[PDB]
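In structure tokens, the next block holds one chain alone, the form deposited in one PDB entry.
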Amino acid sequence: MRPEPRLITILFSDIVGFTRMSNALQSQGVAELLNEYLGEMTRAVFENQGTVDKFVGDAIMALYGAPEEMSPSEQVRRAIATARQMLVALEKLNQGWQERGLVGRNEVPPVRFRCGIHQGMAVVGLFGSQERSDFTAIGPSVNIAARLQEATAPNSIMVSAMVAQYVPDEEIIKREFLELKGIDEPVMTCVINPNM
């Protein structure tokens, strides 16, 4: 648990259109919707042996390579598989929320998905204090993964060069250098095929 420098793979996912969709229902409904979603994401992360760092509203942060050790290639394989399984889940969910009147039906479009994945060094371990301490990762690598998730287009998966080097060339749909805050050197990003 004690914080230490380690090569890990960070995954940030987030959905847009949740509050808009929940704006209709009451408290009970908003909670059901969110829990439904959160459960699916968690399932995708665990099934791929990933670590659910935390939830940030309707955003999810997962780690691969901590606390349990994992090779750089497995970290990426599993991070990618999680991101793709998440998308399939959102498709299933959106299908259900549409047949149920929460989508398509009159001004609350389906919920779009955004996922960012990066691999790099990060101080990982327990951070906080006596009042509160949580297991997480800190550092530019984490910052980068978060910025990729926010920079990518709707319903897509964007990764860094460090991650893409383990991905079959035919799976990289688009390449583009992005200027990310706090980073001087432009970052080469790669949108990957959400299927396989």
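The first residue of the shown sequence is 1; numbering continues from there. Take the two forms, find the largest set of C-alpha atoms that superpose within 1.5 Å, and that set is the rigid core.
For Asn94, the record comparison shows coordinates present in all the other entries of this protein that model its neighbours, with no third of them leaving it out. Looking at the other PDB entries for this protein, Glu107 is absent from the model in a third or more of those that include the residues around it. For the two regions 44 to 52 and 165 to 173, the entry's Cα B-factors average higher over 165 to 173. Comparing the deposited coordinates for 141 to 149 and 55 to 63, the stretch with the larger average C-alpha B-factor is 141 to 149. Reading the B-factor column for the CA atoms of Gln119, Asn106, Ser71, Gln85 in the entry, the top value corresponds to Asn106. Per-chain ranking of the deposited C-alpha B factor places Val111 in the highest third. Compared with the other modelled residues of the chain, the Cα B-factor recorded for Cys190 ranks in the middle third. Per the deposited record, the Cα B-factor of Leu102 falls in the highest third when ranked against the other modelled residues of its chain.
Split the chain's modelled residues into thirds by C-alpha temperature factor. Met196 is in the highest one. Remark: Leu11 belongs to the lowest third of its chain, ranked by C-alpha B-factor as recorded.
The same protein also has a form deposited in another entry, omitted here; what follows describes it.
A displacement of less than 2 angstroms separates the C-alpha positions of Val52 between this form and the one not shown, with the rigid core held in common. A movement of the C-alpha atom of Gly128 falling short of 2 angstroms is seen between this form and the one not shown when the two forms are aligned on their rigid core. Taking 2 Å as the criterion, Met162 does not count as shifted between this form and the one not shown: its C-alpha moves by less than this amount when the rigid core is aligned.
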